[PDB]
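Provided herewith is a single structure, encoded as structure tokens, for subsequent inquiry.
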Amino acid sequence: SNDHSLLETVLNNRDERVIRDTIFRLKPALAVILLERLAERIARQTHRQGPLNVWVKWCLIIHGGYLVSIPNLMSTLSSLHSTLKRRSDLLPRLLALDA
Amino acid sequence: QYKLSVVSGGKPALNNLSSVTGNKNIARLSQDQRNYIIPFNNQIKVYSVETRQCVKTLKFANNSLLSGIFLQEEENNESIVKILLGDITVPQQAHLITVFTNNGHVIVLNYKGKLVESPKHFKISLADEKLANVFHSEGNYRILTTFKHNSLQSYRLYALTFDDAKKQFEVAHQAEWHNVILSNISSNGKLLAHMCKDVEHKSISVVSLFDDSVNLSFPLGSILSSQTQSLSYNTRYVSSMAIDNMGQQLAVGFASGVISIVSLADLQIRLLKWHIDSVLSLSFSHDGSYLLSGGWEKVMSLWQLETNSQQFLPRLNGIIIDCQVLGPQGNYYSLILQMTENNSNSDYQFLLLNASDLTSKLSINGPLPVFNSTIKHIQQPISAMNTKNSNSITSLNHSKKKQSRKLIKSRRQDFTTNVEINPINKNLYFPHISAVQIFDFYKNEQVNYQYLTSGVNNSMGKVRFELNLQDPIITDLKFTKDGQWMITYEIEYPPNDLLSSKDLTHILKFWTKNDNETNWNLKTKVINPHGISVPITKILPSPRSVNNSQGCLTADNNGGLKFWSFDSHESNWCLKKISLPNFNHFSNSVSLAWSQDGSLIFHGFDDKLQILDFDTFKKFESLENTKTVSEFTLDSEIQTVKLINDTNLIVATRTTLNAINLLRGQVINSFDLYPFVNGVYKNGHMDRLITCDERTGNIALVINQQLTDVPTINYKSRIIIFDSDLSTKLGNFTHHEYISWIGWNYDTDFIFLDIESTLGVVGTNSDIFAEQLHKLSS
Amino acid sequence: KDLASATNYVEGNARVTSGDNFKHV
Amino acid sequence: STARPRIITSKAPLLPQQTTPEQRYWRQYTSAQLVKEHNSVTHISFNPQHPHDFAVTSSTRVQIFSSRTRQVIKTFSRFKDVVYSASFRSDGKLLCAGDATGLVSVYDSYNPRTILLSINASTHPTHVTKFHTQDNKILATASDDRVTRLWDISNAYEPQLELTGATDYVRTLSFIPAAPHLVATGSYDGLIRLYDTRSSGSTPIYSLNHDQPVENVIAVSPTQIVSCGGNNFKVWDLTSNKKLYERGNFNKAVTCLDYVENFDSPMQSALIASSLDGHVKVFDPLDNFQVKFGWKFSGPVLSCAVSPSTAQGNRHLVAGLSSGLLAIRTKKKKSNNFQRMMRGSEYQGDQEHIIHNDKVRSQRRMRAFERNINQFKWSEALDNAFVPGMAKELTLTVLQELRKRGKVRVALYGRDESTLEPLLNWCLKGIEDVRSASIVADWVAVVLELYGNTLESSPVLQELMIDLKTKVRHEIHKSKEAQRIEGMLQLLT
Amino acid sequence: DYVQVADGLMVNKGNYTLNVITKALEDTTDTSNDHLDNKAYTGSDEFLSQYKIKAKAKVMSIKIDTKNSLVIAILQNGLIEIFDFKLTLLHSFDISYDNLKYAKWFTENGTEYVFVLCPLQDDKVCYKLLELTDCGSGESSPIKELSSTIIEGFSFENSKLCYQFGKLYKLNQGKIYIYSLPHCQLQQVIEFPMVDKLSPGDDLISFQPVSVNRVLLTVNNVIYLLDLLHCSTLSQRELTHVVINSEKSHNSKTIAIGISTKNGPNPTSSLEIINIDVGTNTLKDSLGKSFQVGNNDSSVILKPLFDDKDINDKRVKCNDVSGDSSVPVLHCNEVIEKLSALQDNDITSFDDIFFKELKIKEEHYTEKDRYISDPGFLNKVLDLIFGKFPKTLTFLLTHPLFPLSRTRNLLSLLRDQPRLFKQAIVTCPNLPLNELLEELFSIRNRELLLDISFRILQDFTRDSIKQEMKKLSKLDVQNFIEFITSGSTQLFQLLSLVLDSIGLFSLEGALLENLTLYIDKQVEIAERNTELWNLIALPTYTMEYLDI
RNA sequence: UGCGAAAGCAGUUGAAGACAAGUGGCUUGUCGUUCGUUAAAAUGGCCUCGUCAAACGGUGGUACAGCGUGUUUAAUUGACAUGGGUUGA
């Protein structure tokens, strides 16, 4: 479904081994939509990028075959690409700022 | 079967003299002030102030009567210097104007009905003098003349008579002034003030010219304060002066910003400080109790001189370089607005306005293009600091010497511009700086003007430091082929002296209008298409077969391509297709073309013309390898990939001009460009220099800067056409002036833009009772 | 409004997007 | 001369999950009411005609609520067993209720004391009772007898038609909304049967195989009908006997559906669906039955409805839960001598030849920062930025207008310790966001460029600079690790 | 203007049918059919038939016999239908109609009396047209188009028996005057090399084009504007292009004069009487991308040299923009003669080849832009030095500095001189990335690694690098990682490319941890020197001194 | 200033004459002066034409923000004599 409430109660769990084998036991046909939900939540709330990108690095590591066999990776998880591009695009600017 | 003509008008071309402040507006009102007679560089326009339409246009090049005065390929210093409303030949009988030029011809021209095919012209017996202006009063006529140490001019006043032999005007020589810095004449033309430079410093002298009623003079150190002698040179430089119709008071406007009304009988001054940058124009009203002033802020103020109370008019799309009251009761103000966001051309807007509600009755303007370089003795006007929109109090002489030396010695003499044609209603869209002038050329008057970026373009008249900020530049705009959408690309520049001062922003905007409203609406904008800090070298609208002519194709200098298209479901113009390569070399010698079928795209990157398909948006492939040549390395970086029709395509690069067929997959013709266009245009401007048709050929266009017996400031244009894959030069035309852009309007003509903006085209009982009653009831 | 007055810039309800939303193939 | 251009509020590129018009409209259904019933709310119908009241069928009573006070105006309690279905006639004049003893009782609405007639249907429980939507005097009752009946309410002794043929537990009727001879019935074996009533009626003309046991069948067009049962709902073209959409966006079984048309909405049609897991969702029939909004409730939702198409007032979404309670979310909506003296002020030029109009339109009120930027009070514009009640995009747009327009330094010249602390104390919050951090970077860089001595003197902005340093340290760890994720999925192309 | 060129009765069916094509036969009794099976009964056969069609029913079939009339057959059931004779001369090309679409009683001799698709329905007698040698039927508004050797064109419509148009078309003895693919024109081929398209609504030529070569059995395909043509004494059925929603790939038309080329689909093996082999399997004409493949009917290339804008008083050229010269004196005859001056007995010397080339092209001998050159000329002089003679010091230095070298560059690793090899790395402007990756991973551990990584980065797209650097072993990439960790910017992004292109799982651990430690310290030093680059009052009482 | 890509890569900054100030010269500085070279500041800031209230339609982030409702894909109505006088700090 699209259940934001119990999606929030499942990903306020932040023990690394629990996240790891949770995504391992996840079905790989919906790792792309778990990654879409995580991407949209870190796009909106910016303090979630700390805790929630632990989930997004584990989804890529475990399901490294399904979403390399998918034909349009960028078109299917565009929101992750746009969020990380706008997060890492300004890195020279705050390099100069903290210098 | 092809013929060249010049069909559309040019710039308004006021008095381009130094040392005349105030009256440089040579446009006149009628005596029955219903029509307004303005000269242009190509014609006399006569607008009508009631209906704002042009009602009569006296074209100079239409007839040998006065195109014999000037049609030269080298000499345009023959200029039109005054218009008078009467008839100087026979008095007491007026519906026709007598124009005095700057050389000595006096042409009498009828602007009511058809122009007579032999005007009443004369040529006054004149010395080497060059005709500053003429002056009228009751009955009598004066004239003033300029001369040959320190570079200053020298003025000399004559009086005229005509009567004995009706070919010559006899002159009288009242007096001289042997060094003139600045000058102005009162509104009635009854007296004139000027400056002297006669030693420790300059001097100021006023003289009545139609009588010896008054002539006084004084050193201007008695005008100037005691504070100004220990301050900067702007506090004592004077850029304007004006006198009223009695000669009691005089307005000295300084380059520091202040104005000072001196009272001429006793030399007591009064300071008016509002202008925060230099004062550029002053005028008095007829009674002398109101002072109009204009400067670098785009605000015309009028000072109530009783209580020193300003009334403003703040956003006048150009700095006021001349303002004056106009009517008998002073019901109109005429203004000249210099519109100095582009530094490459001096483009003046003529704007009178009724004084009642201060609304622009009859604003007049030529086409406003922005050329890639400065043009021909163009000097951006004086100011307080030396900026990127002006120059300071010192650098005018050095700047004009440097600009003349740059036009003589240098190599990149390309001042070419992009003009677009709206394919629905055939009006052309000159993208000004951060704005567009929509302008139709079947009546050569501006449709409107629209700001397309988000700058401080309109909200504020920028002054002494703030003129070092530039509004975003519109560098591309193209219409979709049904004329429904306008794609535009702009470079947003940051202000200096901060952290983000060295990264630009690149914004691609998509505008829409229906076929009635004159102004476009932004439907979407994408900031940083293709990525951060990367430009767009070329946008190309798409043919009528991809998304019903609602797609655009943008190119990088990485060779990346993005295909954007408007879909109605998500009601916006979104990013459909992408082909990005990640090189480590960049080049802005990028070109693009599309097959009319909508099947394959010719991506002319530098030294390399790749062939992409459209379905998978990668390089073209057939598995059978039927000599599938999908790249054409040429001898230099290519700047036009213009495909005339689906058979063949013309490539133009900086040495040669090739043509390549695809139903017979090899080179068919080639031409030599290097002796003509060598290192003179910036790489990416041959696309606007040459163009095509959809059936009937292709147009090359070269430029020869003329020579003496070294190059000079004079130019000539050699345009040539070809039909059907470079077969025959069936058109070989030569135009007397530099040519800047050529492009095909969508009904088999090619329009071109002259460097002085004349658009040209290469194409294919009771009867006596009735008469006396219409007399006696009018 | 006046006929010589330029049209001001107004975004209105234009959708501002970036160049990196690859939501379409 | 022109008018002054308004200060354009800085809009960034849009982020994902923006607010759609459909979800803005469906999100202004608020001010929820929770009414605890005696048992699970099984059915809820709305009055059609003055579409402003709704009947809720709890156990052994039916309560009509009003759509302006949301209290029980009237109640029907004289049932012997659990009342199951309660619907209004198409004229909204009378109310039928099927009861667990197989006794359809039809009262008139807005009068619970006058039971108009008691049809004694099957001995089994009668689970669905609704009048015809075209005809007025026929009532269709299906029961746990695996046979529906059409009753003429004049002759209420024998049923005028007996639609049999279904193998198990017919729980839903529906009528087809242009052909009045066409009754689609739905049972717990799947198999939406549907009957032409001019024929025999003991055989359907065809059957639609929803594979799950259906819970509801409604009719959207005159052509297409939607059946819910199991985790999905399917839509069926009826002229071609053929399924064409199926949405399975739930966890548990979809209990009920209803449909809206032509009401004041961005959505021209709306099918909402209630599904035993807490969720009620709204699907738009014009773009392929895609889901547009949803509500989550505090238990399994058994039935739902919305206000009908012509509601003209306070508009309602009601959902009755299996927990035994009812949730309503609504969207709301001098002298005769003096007048004879001041008569003409309402005339507006009807018989008059020329009509002149130059009253300018009154634009939106300028905020203090916008009028200070207009009045060239640039330091006062910065001060008006850093008031507490300012929106974050408004502080950003006045910072960007002072950056593009004139001078950061002019806006920062006459400051000291007490008048810089608002700027830096906002820069702490603005350094986190992507859209602000470029402007925050150059503003902090300029203020430490021209206040490096106040750094030495005042210790109470040294600590602000240190907190800003740790903020940029956290943000630079974030902007580095985002580049690492960008590379680690660049590897997976 | 060709198409994909290979392969050296109901008209809208295919396979999975029994026999929807029953046709006559040369030198046989009358007619036959086959399957991939329907019965072959008689349509009152044994006459002088030249073609055979049906009423689009295949059990209302016939034998179109030269007897002025035709009857029906029973090819499925056994029950015949009745008929009625109109003429008695030659009805060998009879075409029975659909339900009242296009039918008239025209047999062979100018008697085109209109009728219907029935045995007793009649209409007007529209025999007004003259003796027509090419009478066809089209669907403009179903129409008999007559082209007459009394020469004149006419077009009658058999919808109301109305003569739509007619003119004087001077058509000679044709080869195939077949109606167009959209039917709007008439493609009539002249005998050897020509096929003209005429306007078949007004009887006038619209585009008279020549063809490629010899072709005899030509007919319009089910395409937009494309035809198929088989050779006369050839089995070569080529295609040319002068239905638009989801077009045809096979079973388009059956009119050919090859070796019994009946029922011509794309895979045209199992014929109706012939049992032949098959050929090409493409679709019809696409929009415009297949004409880059079929680039035929023009083969007239010459030696294209750079011309000049014609000198009509060119002495007033007004300050030419060159350095000192005005125009290079073009000598293409000397360009051709330099080949004879070079292909000589300078078999190991640069006295009669390098001096010859640098005398024919007076340049600085490492520079372009004093061009006048042809790619065939440069290729032939490169062939003459790739023959009996890289020991020239001027010719093979000044002509890898030319953007037309044309793929004779493969032995650039196979010859190894240092200065010529580095110059061919930097400046040779077409290089194969296979040889470039081999030279990159055949490491000699020098600065030419940087010079080869530069070009492999700056002229090939990243994914085209990745797909063709998958074609490597693992010792190469392990020694590449070892050499990077031992001992720069372009090779860092090349390292990114090798990590993206080795794949996901099949790696090792010690090399990975070594690379992890190396790039951890690399990011630390990059961060610190990025920091370096971004890093580039009165008291109340004093005590001081003054002069005494 | 030239070549460039948005990075960068090469080049700098002379002479004459006049005037001003300071102490006929000497020093310093200017130039509505010329030749050659590809080459911060005069207390001095932007008009009136009608506001206020309540909705509605899209757009961003539903109290927040913004644009629009004169015709537009869409969407607006209503109050007020838009004065003068006295206090009002």
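Going by Swiss-Prot, the residues shown for chain D are 2-334, 353-512, listed in order.
For this deposited structure, the header notes the method as electron microscopy, 4.1 Å.
Here the Cβ of each residue, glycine as well, is placed from N, Cα and C on the backbone.
Grabbed the feature section from Swiss-Prot, which reads as follows:
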- D:37-78: repeat 'WD 1' (REPEAT)
- D:79-118: repeat 'WD 2' (REPEAT)
- D:124-162: repeat 'WD 3' (REPEAT)
- D:166-206: repeat 'WD 4' (REPEAT)
- D:210-247: repeat 'WD 5' (REPEAT)
- D:250-294: repeat 'WD 6' (REPEAT)
May I ask for the residues of the chain that lie six or more residues beyond the repeat 'WD 4' (D:166-206) and have a Cβ under 8 Å from a Cβ within it?
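Contacts of the repeat 'WD 4' (D:166-206) (Cβ under 8 Å, skipping residues fewer than 6 from its ends): 128-129, 131, 133-136, 141, 143-145, 147-149, 151, 212-220, 222-223, 226, 228, 230, 237, 239.
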Could you break down the residues of the repeat 'WD 4' (D:166-206) into DSSP helix, strand and coil, giving a count for each?
0 helix, 18 strand, 23 coil
Are there residues at least 6 beyond the ends of the repeat 'WD 6' (D:250-294) whose Cβ is under 8 Å from a Cβ of it, and what are they?
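Same-chain residues near the repeat 'WD 6' (D:250-294) but 6 or more away: 21-24, 26-28, 213, 216-217, 219, 221, 227, 229-234, 236, 300-312, 316, 318, 320, 323.
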When the repeat 'WD 1' (D:37-78) is classified with DSSP, how many of its residues are helical, how many are strand and how many are coil?
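Its residues fall into 0 helix, 22 strand, 20 coil.
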Provide the three-state DSSP residue tally for the repeat 'WD 5' (D:210-247): helix first, then strand, then coil.
0 helix, 21 strand, 17 coil
Can you break down the repeat 'WD 2' (D:79-118) into helix, strand and coil residue counts using DSSP?
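Summed over the repeat 'WD 2' (D:79-118), the classes give 0 helix, 25 strand, 15 coil.
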